[PDB]
Amino acid sequence: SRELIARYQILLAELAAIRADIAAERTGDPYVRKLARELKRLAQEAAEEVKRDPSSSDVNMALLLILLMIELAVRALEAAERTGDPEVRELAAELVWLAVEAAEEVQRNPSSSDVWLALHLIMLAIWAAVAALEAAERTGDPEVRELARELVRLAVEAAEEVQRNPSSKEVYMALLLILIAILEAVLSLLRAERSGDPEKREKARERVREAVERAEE
Amino acid sequence: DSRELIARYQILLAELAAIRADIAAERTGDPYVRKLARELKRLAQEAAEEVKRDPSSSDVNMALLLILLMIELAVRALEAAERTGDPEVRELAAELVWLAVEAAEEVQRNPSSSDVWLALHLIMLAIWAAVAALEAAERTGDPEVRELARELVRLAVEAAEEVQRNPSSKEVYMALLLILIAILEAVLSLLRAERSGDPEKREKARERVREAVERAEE
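These protein sequence lines are chains Z and G, in that order.
Counting in this note's numbering, the first sequence runs from 121 upward without gaps.
Counting in this note's numbering, the second sequence runs from 80 upward without gaps.
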């Protein structure tokens, strides 16, 4: 039972390390390259912690989230590259750097629920950020592209505060508020994608503008 | 409340999952994939609606979160299984997604049951493994490997049906987990040979996948 889960998680970790390695080889950006090798290091260290001592559920939960964050973060860096936009790449990279820092904290303190939750919210931030930046590249409207950048910049700043103060509930909630704004913006761009008029274009723009103003509070 | 913020967030996640499912329903080109993507859309809308009517039940909120995440995964899995161009890859992924839809309905009907939640969760993990196997096999163009990967996934479909239909059996749960372990060992063998240079590594990868199928079938 527990033996089976441990075998399974070691395989997931070995696979996450290869996925990170592959992305490290494919990328054209030195920051992405550095981070993909860090994600690879983390998956390897996880496989080796589970190997030595599979019997701690704290450690198993800590290492499982790190593995899932890696899988997500690698796909997130690859998707952010697929846009060809250097600023998209750099924003995704700053969020992945924060996730790696929050993973290190989880590794050092696997019994802390606040530290685990901080990494977990940063993984959700990465997911939202990549959705926003991908939706914005499909529009080719320059103002929408800039507003989506503005939203993601706010998320980076708020994810840094969470990473550095995982037990603050107001800081945690400030990030959640920005993710809500980001998804409201994504949902407005998608509903415009599947519609007709440039009336819908300016409608979508106004909703994204309103989302950024909400986040800015 | 913090709960109020989480509920707002999950309603948006659900709205977004419904659109992703719709988009995949429109693009596909296989009628079974189309039918399933519309079911994944329906499940996301019903989840948005249940959180709206009552955000206060932690069982309901957990039941609905897993469904949304399964939808996100299942849609990417059907899309990835179509990108192979192979009608059998398509059909195997579809059978697993159909099982996940059935297991989601059971979760909706019984959100307080831990066994039923875990059954949906293991089937979502099965979908993840199955697509990794079928994608790695498409990379190789070796006909035997592609056939062994199909055999592994067919075993997972059969074992996922048994989990779906008997969520409280521990032996059946473990039987699926054992198959997923075999599938990941096979994926790991294919990717490690995809990297290497030694052209004997193809036959080495093949023999490790053969051994993985043997373990699964036990």
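Just so it is clear, CB atoms sit at the ideal spot from N, CA and C, and this is done for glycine as well.
What residues of chain Z sit near residue i, judged by a beta carbon separation below 7 Å?
i       : result
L270(G) : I138
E94(G)  : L307
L91(G)  : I300, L303, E304, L307
Can you list, in chain order, the residues of its chain whose CB lies under 7 Å from that of residue i, leaving out five sequence neighbours each side?
i              : result
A222(Z)        : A238, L239, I242, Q283
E134(Z)        : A167
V194(Z)        : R139, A140, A143, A156, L159
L218(Z)        : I242, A279, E280, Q283
residue 353(Z) : Residue 353(Z) lies beyond the range of chain Z shown here (121 to 337); nothing can be said about it.
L132(Z)        : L187
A245(Z)        : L215, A275, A279, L295, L299
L263(G)        : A208
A212(G)        : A228, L231, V232, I262, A265, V266
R294(G)        : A261
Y252(G)        : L201, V242
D178(Z)        : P230, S231
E223(G)        : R285
Is the beta carbon of residue i within less than 8 Å of some heavy atom of the ligand GDP?
i       : result
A261(G) : Ligands displayed in this structure: none; no statement on the ligand GDP is therefore possible.
Buried or exposed: residue i, going by 16 or more other Cβ atoms within 10 Å of its Cβ?
i       : result
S268(G) : buried
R132(G) : exposed
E250(G) : exposed
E83(G)  : exposed
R225(G) : buried
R274(G) : exposed
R146(Z) : exposed
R169(G) : buried
Using a cut-off of 8 Å between C-beta atoms, extract the partners of residue i located in chain G.
i       : result
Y128(Z) : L256, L259, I260, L263
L162(Z) : Within 8 Å Cβ-Cβ: nothing; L162(Z) doesn't reach chain G, min ~18 Å.
Residue i versus chain G: which residues are under 9 Å apart at the beta carbon?
i       : result
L159(Z) : Near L159(Z) there are no residues of chain G at all, since even the closest Cβ is about 16 Å away, more than 9 Å.
Here's a check: name, in chain order, each residue in its chain whose Cβ is nearer than 8 Å to the Cβ of residue i, leaving out the five neighbours to either side.
i       : result
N140(G) : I85, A86, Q89, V130, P134
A173(G) : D109, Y111, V112, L115, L157, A160
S136(G) : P190
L171(G) : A160, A209, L213, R229, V232, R233, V236
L310(Z) : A255
In chain order, what residues of the same chain lie with their CB nearer than 6 Å to the CB of residue i, ignoring the 5 residues before and after it?
i       : result
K320(Z) : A312
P246(G) : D194, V195, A198
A96(G)  : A123, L147, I150, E151
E185(G) : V195
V220(Z) : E158
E337(Z) : none
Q187(G) : none
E257(Z) : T203
Under 9 Å Cβ-Cβ, which residues of chain Z neighbour residue i?
i      : result
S81(G) : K289, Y292, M293, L296
Just the chain Z side, please: which residues come within less than 8 Å of residue i by C-beta, in chain order?
i      : result
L84(G) : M293, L296, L297, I300
Inset, instruction - Determine which residues of the region 148 to 159 of chain G have a Cβ less than 7 Å from any Cβ of chain Z, and write them out in chain order. - result: none
Legend entry - Given 8 Å, three or more beta-carbon pairs between the region 148 to 166 of chain G and the region 111 to 127 of chain G: yes
Inset, instruction - Give, in chain order, every residue of the region 270 to 296 of chain Z whose Cβ lies closer than 9 Å to some Cβ of chain G. - result: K289, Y292, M293, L296
Legend entry - the region 254 to 262 of chain G / the region 275 to 287 of chain G touching (three or more Cβ pairs under 8 Å): no
Legend entry - Proximal residues, the region 165 to 196 of chain G versus chain Z, C-beta separation under 8 Å: none
Inset, instruction - Kindly confirm or deny that the region 224 to 239 of chain Z and the region 197 to 204 of chain Z touch, where touching means at least three C-beta pairs closer than 8 Å. - result: no
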